[PDB]
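Single chain ahead, by itself, as structure tokens, in the form deposited in one PDB entry.
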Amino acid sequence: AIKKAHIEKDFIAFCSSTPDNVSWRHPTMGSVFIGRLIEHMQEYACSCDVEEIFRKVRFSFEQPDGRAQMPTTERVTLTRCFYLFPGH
């Protein structure tokens, strides 16, 4: 038999800035958002779910520093916590 499923579910998107606004990049150190995301995933994948890690990334941008940007989580239909369980 057939059953109905939600057409859109279990997504999360994370953008490097808020709508209308620029995101910053350095020729030698790379994109600020990407480097910050890598650092936070390395430190926190073991203990925090993905939505919480992304919130910590936003918090690290809280103080503008000449090149202000605020990463934004978009279109979230995660129904559970997504833990990466690194090592398992």
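C-alpha atoms forming the largest set that superposes within 1.5 Å between two forms make up the rigid core. In case it trips you up, residue 1 is the first one in the sequence shown, and so on. Shifts are known only where both forms have a C-alpha.
- Look at the mean CA B-factor for 20-28 and for 68-76 in the entry; the higher one is 20-28.
- Sort the chain's modelled residues by C-alpha temperature factor and residue 81 lands in the middle third, per the entry.
- Per the deposited record, the Cα B-factor of residue 55 falls in the lowest third when ranked against the other modelled residues of its chain.
The same protein has a further form, the form deposited in another entry, not shown here; the description that follows concerns it.
- Residue 24 is among the residues whose C-alpha shifts by 2 Å or more between the shown form and the other one once the rigid core is aligned.
- Inter-residue distance, residue 23 to residue 37 (Cα): increased by at least 3 Å in that other deposited form versus the depicted form.
- Whereas the displayed form keeps them at a certain spacing, the CA atoms of residue 19 and residue 35 lie at least 3 angstroms closer in that other deposited form.
- Taking the core as reference, several blocks of three or more adjacent residues between the shown form and the other one have all their Cα positions offset by 2 Å or more: 17-29, 66-69.
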